[PDB]
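For reference, final-v7.tsv (TSV, C-alpha atoms (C1' of nucleotides)):
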chain	number	residue	atom	x	y	z
A	2	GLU	CA	-100.72	115.74	-86.30
A	3	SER	CA	-99.67	112.35	-87.73
A	4	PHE	CA	-100.00	110.95	-91.23
A	5	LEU	CA	-101.00	107.49	-90.07
A	6	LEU	CA	-103.44	108.84	-87.53
A	7	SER	CA	-105.28	110.78	-90.21
A	8	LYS	CA	-105.66	107.77	-92.42
A	9	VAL	CA	-106.72	105.49	-89.63
A	10	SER	CA	-109.41	108.08	-88.94
A	11	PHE	CA	-110.18	108.51	-92.58
A	12	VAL	CA	-110.52	104.75	-92.91
A	13	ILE	CA	-112.76	104.54	-89.83
A	14	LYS	CA	-114.97	107.20	-91.37
A	15	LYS	CA	-114.86	105.54	-94.81
A	16	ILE	CA	-116.03	102.17	-93.50
A	17	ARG	CA	-118.72	103.71	-91.29
A	18	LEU	CA	-120.16	105.28	-94.44
A	19	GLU	CA	-119.76	102.36	-96.85
A	20	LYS	CA	-121.91	100.54	-94.28
A	21	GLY	CA	-124.41	103.35	-93.84
A	22	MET	CA	-123.83	103.95	-90.12
A	23	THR	CA	-124.16	107.12	-88.14
A	24	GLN	CA	-121.54	108.02	-85.50
A	25	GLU	CA	-124.25	107.57	-82.93
A	26	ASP	CA	-124.62	104.00	-84.09
A	27	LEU	CA	-120.90	103.28	-84.36
A	28	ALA	CA	-120.57	104.48	-80.78
A	29	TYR	CA	-123.47	102.25	-79.62
A	30	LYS	CA	-122.19	99.20	-81.49
A	31	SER	CA	-118.66	99.47	-80.17
A	32	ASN	CA	-119.72	100.50	-76.65
A	33	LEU	CA	-117.79	103.77	-76.79
A	34	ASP	CA	-118.71	107.46	-76.44
A	35	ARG	CA	-120.17	109.31	-79.42
A	36	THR	CA	-118.11	112.45	-78.81
A	37	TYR	CA	-115.17	110.08	-78.56
A	38	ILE	CA	-115.88	108.88	-82.09
A	39	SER	CA	-116.56	112.35	-83.44
A	40	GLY	CA	-113.17	113.31	-82.10
A	41	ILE	CA	-111.40	110.48	-83.88
A	42	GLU	CA	-113.16	111.24	-87.16
A	43	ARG	CA	-112.17	114.90	-87.10
A	44	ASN	CA	-108.86	113.26	-86.06
A	45	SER	CA	-108.59	114.90	-82.65
A	46	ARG	CA	-107.65	111.59	-81.07
A	47	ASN	CA	-104.63	109.35	-80.97
A	48	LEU	CA	-106.11	105.92	-80.38
A	49	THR	CA	-104.52	103.02	-78.70
A	50	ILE	CA	-104.62	99.68	-80.44
A	51	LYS	CA	-107.21	98.52	-77.92
A	52	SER	CA	-109.55	101.33	-78.86
A	53	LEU	CA	-108.99	100.75	-82.52
A	54	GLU	CA	-109.97	97.14	-81.86
A	55	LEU	CA	-113.24	98.17	-80.32
A	56	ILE	CA	-114.03	100.40	-83.28
A	57	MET	CA	-113.36	97.53	-85.62
A	58	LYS	CA	-115.78	95.41	-83.57
A	59	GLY	CA	-118.33	98.18	-83.84
A	60	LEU	CA	-117.83	98.54	-87.58
A	61	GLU	CA	-117.97	94.73	-87.78
A	62	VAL	CA	-114.79	94.49	-89.78
A	63	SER	CA	-111.98	92.10	-89.13
A	64	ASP	CA	-108.52	93.39	-88.29
A	65	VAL	CA	-107.35	92.13	-91.64
A	66	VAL	CA	-109.95	93.91	-93.69
A	67	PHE	CA	-109.28	97.09	-91.78
A	68	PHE	CA	-105.59	96.91	-92.43
A	69	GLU	CA	-105.99	95.89	-96.04
A	70	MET	CA	-108.05	99.06	-96.40
A	71	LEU	CA	-105.73	101.26	-94.40
A	72	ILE	CA	-102.84	100.24	-96.62
A	73	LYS	CA	-104.72	101.04	-99.77
A	74	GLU	CA	-105.80	104.35	-98.34
A	75	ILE	CA	-102.20	105.07	-97.32
A	76	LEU	CA	-100.94	104.90	-100.91
A	77	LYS	CA	-102.87	108.03	-102.02
B	2	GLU	CA	-106.06	90.58	-72.89
B	3	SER	CA	-106.22	91.91	-76.48
B	4	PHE	CA	-105.97	89.97	-79.73
B	5	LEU	CA	-104.48	92.71	-81.90
B	6	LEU	CA	-101.95	93.81	-79.30
B	7	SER	CA	-100.01	90.61	-78.92
B	8	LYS	CA	-99.93	90.46	-82.71
B	9	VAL	CA	-98.60	94.01	-82.87
B	10	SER	CA	-96.23	93.07	-80.04
B	11	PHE	CA	-95.04	89.96	-81.87
B	12	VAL	CA	-94.39	91.77	-85.16
B	13	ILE	CA	-92.38	94.55	-83.55
B	14	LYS	CA	-90.02	91.98	-82.03
B	15	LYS	CA	-89.91	89.83	-85.16
B	16	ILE	CA	-88.81	92.72	-87.34
B	17	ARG	CA	-86.40	93.98	-84.72
B	18	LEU	CA	-84.54	90.65	-84.70
B	19	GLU	CA	-84.78	90.25	-88.44
B	20	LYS	CA	-82.83	93.52	-88.62
B	21	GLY	CA	-80.29	92.39	-86.03
B	22	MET	CA	-81.30	95.23	-83.74
B	23	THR	CA	-81.35	95.09	-80.01
B	24	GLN	CA	-83.97	96.65	-77.79
B	25	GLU	CA	-81.38	99.27	-76.95
B	26	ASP	CA	-80.87	100.25	-80.60
B	27	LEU	CA	-84.60	100.25	-81.16
B	28	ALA	CA	-85.64	102.35	-78.21
B	29	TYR	CA	-82.82	104.46	-79.41
B	30	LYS	CA	-84.09	105.25	-82.83
B	31	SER	CA	-87.71	105.31	-81.76
B	32	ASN	CA	-86.85	107.89	-79.15
B	33	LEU	CA	-88.75	105.87	-76.55
B	34	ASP	CA	-87.32	104.40	-73.32
B	35	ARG	CA	-85.69	100.93	-73.55
B	36	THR	CA	-88.03	100.07	-70.75
B	37	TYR	CA	-90.98	100.77	-73.05
B	38	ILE	CA	-89.70	98.67	-75.96
B	39	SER	CA	-89.18	95.87	-73.45
B	40	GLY	CA	-92.60	96.49	-71.99
B	41	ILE	CA	-94.23	96.23	-75.40
B	42	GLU	CA	-92.54	93.00	-76.46
B	43	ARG	CA	-92.85	91.48	-72.99
B	44	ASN	CA	-96.40	92.09	-71.87
B	45	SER	CA	-97.94	93.25	-75.15
B	46	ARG	CA	-98.57	96.81	-73.83
B	47	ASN	CA	-101.32	99.03	-75.23
B	48	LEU	CA	-99.55	101.56	-77.36
B	49	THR	CA	-100.84	104.55	-79.15
B	50	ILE	CA	-100.81	104.87	-82.97
B	51	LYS	CA	-98.29	107.71	-82.58
B	52	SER	CA	-96.03	105.50	-80.54
B	53	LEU	CA	-96.44	102.67	-83.01
B	54	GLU	CA	-95.48	105.11	-85.75
B	55	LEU	CA	-92.31	106.05	-83.91
B	56	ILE	CA	-91.43	102.40	-83.57
B	57	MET	CA	-91.96	101.82	-87.25
B	58	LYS	CA	-89.59	104.68	-88.00
B	59	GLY	CA	-87.23	103.12	-85.48
B	60	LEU	CA	-87.39	99.70	-87.13
B	61	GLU	CA	-86.46	101.52	-90.33
B	62	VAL	CA	-89.64	100.10	-91.88
B	63	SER	CA	-92.69	101.73	-93.57
B	64	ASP	CA	-96.33	101.98	-92.46
B	65	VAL	CA	-97.24	99.69	-95.30
B	66	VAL	CA	-94.55	97.05	-94.75
B	67	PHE	CA	-95.44	96.84	-91.09
B	68	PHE	CA	-99.12	96.42	-91.67
B	69	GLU	CA	-98.41	93.81	-94.34
B	70	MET	CA	-96.50	91.73	-91.82
B	71	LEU	CA	-99.18	92.46	-89.25
B	72	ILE	CA	-101.74	90.96	-91.58
B	73	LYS	CA	-99.53	87.92	-92.09
B	74	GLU	CA	-99.05	87.28	-88.35
B	75	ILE	CA	-102.80	87.61	-87.71
B	76	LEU	CA	-103.49	85.04	-90.44
B	77	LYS	CA	-101.32	82.30	-89.04
B	78	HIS	CA	-101.55	78.69	-87.92
C	2	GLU	CA	-67.38	91.34	-47.75
C	3	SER	CA	-64.53	93.86	-48.22
C	4	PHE	CA	-64.01	96.99	-46.10
C	5	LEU	CA	-62.54	99.24	-48.76
C	6	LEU	CA	-64.95	98.19	-51.50
C	7	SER	CA	-68.11	99.38	-49.85
C	8	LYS	CA	-66.23	102.60	-49.16
C	9	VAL	CA	-65.27	102.91	-52.82
C	10	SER	CA	-68.79	102.05	-53.95
C	11	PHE	CA	-70.23	104.52	-51.46
C	12	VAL	CA	-68.05	107.35	-52.77
C	13	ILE	CA	-68.78	106.64	-56.42
C	14	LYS	CA	-72.48	107.03	-55.65
C	15	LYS	CA	-71.97	110.09	-53.47
C	16	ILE	CA	-70.14	111.93	-56.22
C	17	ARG	CA	-72.55	110.70	-58.86
C	18	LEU	CA	-75.47	112.28	-57.02
C	19	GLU	CA	-73.53	115.40	-56.05
C	20	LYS	CA	-72.93	116.01	-59.76
C	21	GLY	CA	-76.61	115.39	-60.47
C	22	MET	CA	-75.70	112.48	-62.74
C	23	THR	CA	-77.75	109.39	-63.26
C	24	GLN	CA	-76.29	105.92	-63.40
C	25	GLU	CA	-76.59	105.53	-67.11
C	26	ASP	CA	-74.91	108.83	-67.94
C	27	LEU	CA	-72.00	107.76	-65.78
C	28	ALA	CA	-72.10	104.36	-67.46
C	29	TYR	CA	-71.63	106.15	-70.76
C	30	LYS	CA	-69.05	108.71	-69.75
C	31	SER	CA	-67.04	105.96	-67.99
C	32	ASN	CA	-67.20	103.78	-71.07
C	33	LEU	CA	-68.42	100.81	-69.08
C	34	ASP	CA	-71.66	98.82	-69.08
C	35	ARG	CA	-74.96	100.24	-67.80
C	36	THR	CA	-75.34	97.35	-65.37
C	37	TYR	CA	-71.77	97.57	-64.10
C	38	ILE	CA	-72.29	101.02	-62.61
C	39	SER	CA	-75.43	99.68	-61.00
C	40	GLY	CA	-73.70	96.56	-59.77
C	41	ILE	CA	-70.87	98.58	-58.22
C	42	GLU	CA	-73.19	100.81	-56.22
C	43	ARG	CA	-75.97	98.25	-55.67
C	44	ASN	CA	-74.06	95.45	-54.14
C	45	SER	CA	-70.49	96.33	-53.97
C	46	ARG	CA	-68.36	94.77	-56.71
C	47	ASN	CA	-64.61	94.24	-56.87
C	48	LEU	CA	-63.37	96.62	-59.49
C	49	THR	CA	-60.03	97.05	-61.03
C	50	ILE	CA	-57.84	100.15	-60.69
C	51	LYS	CA	-58.24	100.68	-64.46
C	52	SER	CA	-62.00	100.51	-64.13
C	53	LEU	CA	-61.94	102.78	-61.11
C	54	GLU	CA	-59.93	105.25	-63.18
C	55	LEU	CA	-62.53	105.14	-65.94
C	56	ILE	CA	-65.22	105.89	-63.44
C	57	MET	CA	-63.23	108.79	-62.04
C	58	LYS	CA	-62.90	110.27	-65.50
C	59	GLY	CA	-66.64	109.69	-65.80
C	60	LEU	CA	-67.53	111.38	-62.53
C	61	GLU	CA	-65.53	114.23	-64.07
C	62	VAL	CA	-63.30	114.12	-61.01
C	63	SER	CA	-59.53	113.81	-60.46
C	64	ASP	CA	-57.68	110.79	-58.99
C	65	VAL	CA	-56.64	113.08	-56.19
C	66	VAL	CA	-60.02	114.50	-55.14
C	67	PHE	CA	-61.54	111.03	-55.45
C	68	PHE	CA	-59.04	109.61	-53.01
C	69	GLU	CA	-59.48	112.62	-50.73
C	70	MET	CA	-63.19	111.85	-50.46
C	71	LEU	CA	-62.35	108.18	-50.10
C	72	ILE	CA	-60.21	108.94	-47.07
C	73	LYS	CA	-62.98	111.05	-45.54
C	74	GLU	CA	-65.52	108.26	-45.93
C	75	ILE	CA	-63.24	105.65	-44.38
C	76	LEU	CA	-62.84	107.99	-41.39
C	77	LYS	CA	-66.50	108.06	-40.34
C	78	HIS	CA	-68.65	107.39	-37.26
D	2	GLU	CA	-50.70	101.15	-69.26
D	3	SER	CA	-52.27	103.44	-66.65
D	4	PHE	CA	-50.94	106.40	-64.70
D	5	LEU	CA	-52.77	105.54	-61.51
D	6	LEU	CA	-51.86	101.91	-61.77
D	7	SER	CA	-48.22	102.92	-62.03
D	8	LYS	CA	-48.35	105.21	-59.05
D	9	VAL	CA	-50.17	102.54	-57.06
D	10	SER	CA	-47.42	100.06	-57.86
D	11	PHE	CA	-44.72	102.57	-57.14
D	12	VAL	CA	-46.33	103.29	-53.78
D	13	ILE	CA	-46.57	99.59	-52.93
D	14	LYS	CA	-42.88	99.23	-53.70
D	15	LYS	CA	-42.00	102.45	-51.82
D	16	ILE	CA	-43.70	101.34	-48.62
D	17	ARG	CA	-42.23	97.89	-48.91
D	18	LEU	CA	-38.75	99.42	-48.95
D	19	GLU	CA	-39.16	102.07	-46.23
D	20	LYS	CA	-40.17	99.08	-44.10
D	21	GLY	CA	-37.13	97.09	-45.24
D	22	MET	CA	-39.29	94.24	-46.59
D	23	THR	CA	-38.46	91.85	-49.35
D	24	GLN	CA	-41.05	90.84	-51.96
D	25	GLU	CA	-40.77	87.31	-50.67
D	26	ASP	CA	-41.75	88.60	-47.27
D	27	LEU	CA	-44.47	90.90	-48.61
D	28	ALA	CA	-46.07	87.91	-50.30
D	29	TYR	CA	-45.76	85.70	-47.17
D	30	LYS	CA	-47.33	88.40	-45.03
D	31	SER	CA	-50.36	88.91	-47.21
D	32	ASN	CA	-50.72	85.33	-48.45
D	33	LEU	CA	-50.38	86.02	-52.15
D	34	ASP	CA	-47.90	84.72	-54.72
D	35	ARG	CA	-44.44	86.27	-54.86
D	36	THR	CA	-44.50	86.35	-58.65
D	37	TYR	CA	-47.83	88.11	-58.27
D	38	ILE	CA	-46.23	90.80	-56.12
D	39	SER	CA	-43.25	91.01	-58.41
D	40	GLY	CA	-45.60	91.58	-61.30
D	41	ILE	CA	-47.43	94.47	-59.68
D	42	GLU	CA	-44.17	96.25	-58.80
D	43	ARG	CA	-42.90	95.99	-62.38
D	44	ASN	CA	-46.35	97.41	-63.16
D	45	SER	CA	-47.53	94.36	-65.10
D	46	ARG	CA	-50.71	93.91	-63.06
D	47	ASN	CA	-54.01	95.69	-62.89
D	48	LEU	CA	-55.09	94.77	-59.42
D	49	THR	CA	-58.52	94.85	-57.92
D	50	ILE	CA	-59.41	96.70	-54.78
D	51	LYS	CA	-59.60	93.37	-52.97
D	52	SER	CA	-56.06	92.53	-53.92
D	53	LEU	CA	-54.87	96.02	-53.16
D	54	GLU	CA	-56.39	95.52	-49.74
D	55	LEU	CA	-54.54	92.32	-49.10
D	56	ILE	CA	-51.32	94.04	-50.00
D	57	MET	CA	-51.99	96.89	-47.59
D	58	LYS	CA	-52.58	94.37	-44.83
D	59	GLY	CA	-49.37	92.64	-45.80
D	60	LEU	CA	-47.55	95.96	-45.72
D	61	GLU	CA	-49.13	96.64	-42.31
D	62	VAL	CA	-50.50	99.96	-43.43
D	63	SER	CA	-53.94	101.40	-43.05
D	64	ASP	CA	-56.04	102.28	-46.08
D	65	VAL	CA	-55.80	105.92	-45.13
D	66	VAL	CA	-52.03	106.00	-44.84
D	67	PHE	CA	-51.77	104.29	-48.21
D	68	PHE	CA	-53.96	106.78	-49.97
D	69	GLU	CA	-52.40	109.73	-48.22
D	70	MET	CA	-49.17	108.47	-49.75
D	71	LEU	CA	-50.70	107.66	-53.09
D	72	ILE	CA	-52.01	111.20	-53.37
D	73	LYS	CA	-48.63	112.68	-52.61
D	74	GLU	CA	-46.88	110.46	-55.09
D	75	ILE	CA	-49.50	111.39	-57.69
D	76	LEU	CA	-48.50	115.05	-57.36
D	77	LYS	CA	-44.98	114.61	-58.83
E	1	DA	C1'	-127.91	113.67	-86.20
E	2	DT	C1'	-122.75	115.79	-85.52
E	3	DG	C1'	-119.21	119.16	-83.30
E	4	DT	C1'	-117.57	121.82	-79.64
E	5	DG	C1'	-115.42	122.79	-75.09
E	6	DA	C1'	-114.01	121.89	-70.86
E	7	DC	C1'	-113.58	118.99	-67.02
E	8	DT	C1'	-112.12	114.39	-64.25
E	9	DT	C1'	-109.78	109.60	-64.11
E	10	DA	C1'	-107.61	106.17	-66.00
E	11	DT	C1'	-103.66	104.83	-68.19
E	12	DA	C1'	-99.98	105.51	-71.71
E	13	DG	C1'	-95.30	106.89	-71.60
E	14	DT	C1'	-91.16	108.61	-68.91
E	15	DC	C1'	-87.39	108.29	-65.83
E	16	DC	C1'	-84.18	106.14	-62.63
E	17	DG	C1'	-83.05	102.14	-60.76
E	18	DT	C1'	-82.71	96.72	-59.45
E	19	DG	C1'	-81.44	91.85	-60.54
E	20	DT	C1'	-80.14	88.14	-63.84
E	21	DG	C1'	-78.66	84.52	-66.82
E	22	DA	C1'	-74.76	83.89	-70.68
E	23	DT	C1'	-70.83	85.11	-72.91
E	24	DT	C1'	-65.96	87.28	-73.33
E	25	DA	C1'	-61.78	89.44	-71.48
E	26	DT	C1'	-58.77	89.36	-68.02
E	27	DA	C1'	-57.06	89.19	-63.03
E	28	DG	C1'	-55.95	85.76	-59.71
E	29	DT	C1'	-52.92	81.91	-58.51
E	30	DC	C1'	-49.41	78.87	-59.27
E	31	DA	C1'	-46.22	75.91	-62.30
E	32	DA	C1'	-40.55	75.98	-64.43
E	33	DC	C1'	-36.54	78.14	-65.01
E	34	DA	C1'	-33.92	82.73	-64.86
E	35	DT	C1'	-30.70	85.75	-62.89
F	1	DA	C1'	-33.36	87.23	-53.26
F	2	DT	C1'	-36.19	89.11	-57.88
F	3	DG	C1'	-37.74	88.44	-63.06
F	4	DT	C1'	-40.14	86.30	-66.83
F	5	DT	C1'	-42.62	82.83	-69.60
F	6	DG	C1'	-46.50	80.24	-70.09
F	7	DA	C1'	-50.12	78.05	-68.12
F	8	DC	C1'	-54.97	77.07	-65.77
F	9	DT	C1'	-59.32	78.97	-63.48
F	10	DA	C1'	-61.68	82.21	-61.12
F	11	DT	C1'	-63.88	86.26	-61.78
F	12	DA	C1'	-64.03	91.06	-63.65
F	13	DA	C1'	-66.49	93.10	-67.22
F	14	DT	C1'	-69.76	92.89	-71.23
F	15	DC	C1'	-74.18	92.43	-73.57
F	16	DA	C1'	-79.11	91.70	-74.21
F	17	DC	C1'	-82.98	91.49	-71.28
F	18	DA	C1'	-86.66	91.50	-67.51
F	19	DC	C1'	-88.98	93.95	-63.81
F	20	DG	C1'	-90.46	97.40	-60.35
F	21	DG	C1'	-91.92	101.86	-58.42
F	22	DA	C1'	-92.88	106.88	-59.00
F	23	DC	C1'	-93.69	110.42	-61.58
F	24	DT	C1'	-95.63	113.19	-65.88
F	25	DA	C1'	-98.19	113.58	-70.13
F	26	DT	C1'	-102.17	112.38	-72.34
F	27	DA	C1'	-105.93	109.12	-73.91
F	28	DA	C1'	-110.12	107.35	-72.17
F	29	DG	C1'	-114.61	108.23	-70.91
F	30	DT	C1'	-118.59	111.58	-69.50
F	31	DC	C1'	-120.93	116.33	-68.64
F	32	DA	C1'	-123.16	120.51	-70.98
F	33	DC	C1'	-124.39	123.17	-75.25
F	34	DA	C1'	-124.03	124.20	-79.46
F	35	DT	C1'	-125.67	123.23	-84.74

Would you kindly transcribe this structure into structure tokens?
Amino acid sequence: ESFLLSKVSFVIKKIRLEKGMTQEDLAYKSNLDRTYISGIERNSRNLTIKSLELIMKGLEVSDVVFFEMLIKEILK
Amino acid sequence: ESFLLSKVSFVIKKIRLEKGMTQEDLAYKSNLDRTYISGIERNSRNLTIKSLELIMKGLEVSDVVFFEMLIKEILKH
Amino acid sequence: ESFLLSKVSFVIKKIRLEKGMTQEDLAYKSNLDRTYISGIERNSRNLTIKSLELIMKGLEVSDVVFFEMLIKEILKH
Amino acid sequence: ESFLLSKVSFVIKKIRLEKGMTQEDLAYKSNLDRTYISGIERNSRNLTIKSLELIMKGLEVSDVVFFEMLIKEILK
DNA sequence: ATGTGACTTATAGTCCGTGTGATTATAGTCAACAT
DNA sequence: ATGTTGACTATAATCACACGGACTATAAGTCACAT
């Protein structure tokens, strides 16, 4: 697997939780598949930017906040 | 098309020129086709995080540094 | 345009495919531009004996056997 | 300089002589410059196929006969 | 609720080639004077 | 006759790039069945 990919996924999971969402609800909100999301969170998926963008919409988080977070997460 | 993509697209080119690289050099070190590097910069193609990671390694730049410039380009007017 | 040129350009391609090479290998091995190899085959282009020699070295072929295949191509109907 | 380019030039000179032609006449017959011809024969020019072709027409020699000769000259 | 697996279908990514403006090196062509 | 030296100017040859079609790998999106 990839280092970045795991932290993207970790971040996605982090934010979903800090907000109190279920996967079911992140899937609904972003108009994507729930198993799709589960896959990403166990990090069994290699998103495209577009997909990442949809997940950010679903999380209701701007690109900037996401990347600010991803950076922090990246530095152990 | 996509907001984030053209930003990612823009930043890949910006860095590449800042480092005096050519598409040929880049696609070189990213072990992607020079067609793909062109494709990305040209028509903001929808790359995968893994591919983006390869390009970062190609640009001889870190995850962090890239995303910090990404944030800057998004914030601009 | 020129009789001999399209014969030369035909034979460069023939050999290139016979040896299972691609254009951009040959462009490397011949120590000429990517687009020049294309341009020679694609249209014809008016190359120099020195450049022709480089290509022959690149096709991994001798002056002699090149010209022998050149003669054969000229002689065709 | 180049081996091939030398043998080419030598051949051009050879054929010119076996036909009893002067350079002046070889240049008239192919409409090129006499100093141009001179230059090739003293191996100071790297001609293009197009030019080579004009010289063959000026020598009144077919492409095939030229290369047949060029091959033989190439083999010592 | 979340996590599998496995199975299509869209598309990301590859591979080989075409065609092009802009710049640099050099062949094409023609002087003057040689011998 | 041929040789040589500068020249000017056409174009060979370079360099960075765009663009397309066809093919291969894989992400996108949806089932069934776990827990």

(Q) Taking only C-alpha atoms (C1' of nucleotides) into account and nothing else, which residues of chain D lie no more than 9 Å away from chain E? Please answer as a list in words. (A)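 Here is what falls inside 9 Å: residues 33, 34, 36, 37, 46, 47, 48, 49 and 52 of chain D.
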
Q. Using all atoms listed in the file, which chain B residues lie at most 9 Å away from chain E, written as a list in words?
A.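 Going by the stated atoms only, the list reads residues 33, 34, 37, 47, 48 and 49 of chain B.
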
Q.
I'd like the contact shell of segment 55-71 of chain A - 10 Å cut-off, only C-alpha atoms (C1' of nucleotides), skipping same-chain residues fewer than 3 positions apart - returned as JSON, numbers by chain.
A. {"A": [5, 8, 9, 10, 11, 12, 13, 14, 15, 16, 17, 18, 20, 22, 26, 27, 28, 29, 30, 31, 32, 33, 38, 50, 51, 52, 74, 75, 76], "B": [4, 5, 64, 65, 68, 69, 71, 72, 73, 75, 76]}

Q.
To one decimal place in Å, what is the distance between atom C1' of residue 2 of chain F and atom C1' of residue 35 of chain E?
A. 8.2 Å

Near chain A, which residues of chain F fall within 9 Å when you count only C-alpha atoms (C1' of nucleotides), and what do they look like as a CSV table (one decimal) with C-alpha atoms (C1' of nucleotides), in the coordinates of the input?
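After the write, part_13.csv holds the following:
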chain,number,residue,atom,x,y,z
F,27,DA,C1',-105.9,109.1,-73.9
F,28,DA,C1',-110.1,107.4,-72.2
F,29,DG,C1',-114.6,108.2,-70.9
F,30,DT,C1',-118.6,111.6,-69.5

Q: Counting only C-alpha atoms (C1' of nucleotides), find the residues whose atoms lie at most 8 Å from (-114.8, 116.0, -66.7) (file coordinates) and write them out as an NGL selection string.
A: (:E and (6-8)) or (:F and (30-31))

Include C-alpha atoms (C1' of nucleotides) and write out the residues we just selected as an mmCIF file, keeping the file's coordinate frame.
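See selection.cif below for the written result:
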data_model
loop_
_atom_site.group_PDB
_atom_site.id
_atom_site.type_symbol
_atom_site.label_atom_id
_atom_site.label_comp_id
_atom_site.auth_asym_id
_atom_site.auth_seq_id
_atom_site.Cartn_x
_atom_site.Cartn_y
_atom_site.Cartn_z
ATOM 1 C "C1'" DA E 6 -114.010 121.890 -70.860
ATOM 2 C "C1'" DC E 7 -113.580 118.990 -67.020
ATOM 3 C "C1'" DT E 8 -112.120 114.390 -64.250
ATOM 4 C "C1'" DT F 30 -118.590 111.580 -69.500
ATOM 5 C "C1'" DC F 31 -120.930 116.330 -68.640
#

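If all atoms listed in the file are the atoms counted, then among C:70, C:60, C:26, C:52 the closest residue to chain F is C:52.
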
Q: With a cut-off of 8 Å and counting all atoms listed in the file, select all residues of chain F in contact with chain B and give the selection as a list in words.
A: residues 16, 17 and 18 of chain F

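One finds atom CA of residue 6 of chain B at 9.1 Å from atom CA of residue 54 of chain A.
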
Q) Contacts of residue 23 of chain E at 12 Å or less, counting only C-alpha atoms (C1' of nucleotides), minus same-chain residues fewer than 4 places along, as JSON, numbers by chain? A) {"F": [13, 14, 15, 16]}

Q: Give the answer as one residue: which of A:2, A:35, A:45, A:73 has the shortest atom-to-atom distance to residue 54 of chain B, using all atoms listed in the file?
A: A:2

Q. Taking all atoms listed in the file into account, which of C:77, C:51, C:58, C:46 comes nearest residue 10 of chain C?
A.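 When distances to residue 10 of chain C are compared using all atoms listed in the file, the smallest one comes from C:46.
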
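Here atom CA of residue 25 of chain A is placed at a distance of 17.6 Å from atom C1' of residue 32 of chain F.
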
Each side padded by 8 Å, which centre and which edge lengths in Å (one decimal) define the axis-aligned box around the listed atoms of segment 62-69 of chain C? Give them as AutoDock Vina command-line options.
--center_x -60.0 --center_y 112.1 --center_z -55.9 --size_x 22.7 --size_y 20.9 --size_z 26.3

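Distance check against chain B using all atoms listed in the file: of A:53, A:72, A:40, A:23, the minimum falls on A:72.
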
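Nearest to chain D of all the residues C:27, C:9, C:41, C:56 is C:9, based on all atoms listed in the file.
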